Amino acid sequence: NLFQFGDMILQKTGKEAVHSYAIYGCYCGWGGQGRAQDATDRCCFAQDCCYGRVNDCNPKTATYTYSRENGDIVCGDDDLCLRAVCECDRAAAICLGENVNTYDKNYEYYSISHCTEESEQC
């Protein structure tokens, strides 16, 4: 669920998702159209496509089992919906952390007045 994805983001990036990634770019925040603006935004587009493959799992409210042990994110579900949602979040938090040095605050709250380029395709 998104509370759990927020915990993964905190662990890999040190940021609180509701004040940063939740409003970023065309794909991390409230966009879903336009071009992904940078590497961070491209991580979020890949996560959006990931959620798109497990739509029936209702990724927003799917509370899965995961643990951070030894600095790693490990998804423990056997249940394929829960596990896949967790792997989508895990991969996105890893990607975001790999690109935190290009995080640009100009893309916070940017979606509503930009993001009209031809959209990325999953």
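A residue's number is simply how far along the shown sequence it sits, counting from 1.
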Take the C-alpha B-factors listed in the entry for 7 to 15 and for 110 to 118, compute each mean, and give the stretch with the larger one. 110 to 118
Look up the CA B-factors in the entry and say which stretch, 92 to 100 or 49 to 57, has the higher mean. 49 to 57
Report the option among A39, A62, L80, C28 whose CA atom has the maximum B-factor in the deposited record. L80
Quick check on the deposited entry: does the C-alpha B-factor of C75 sit in the lowest, middle or highest third of its chain? highest
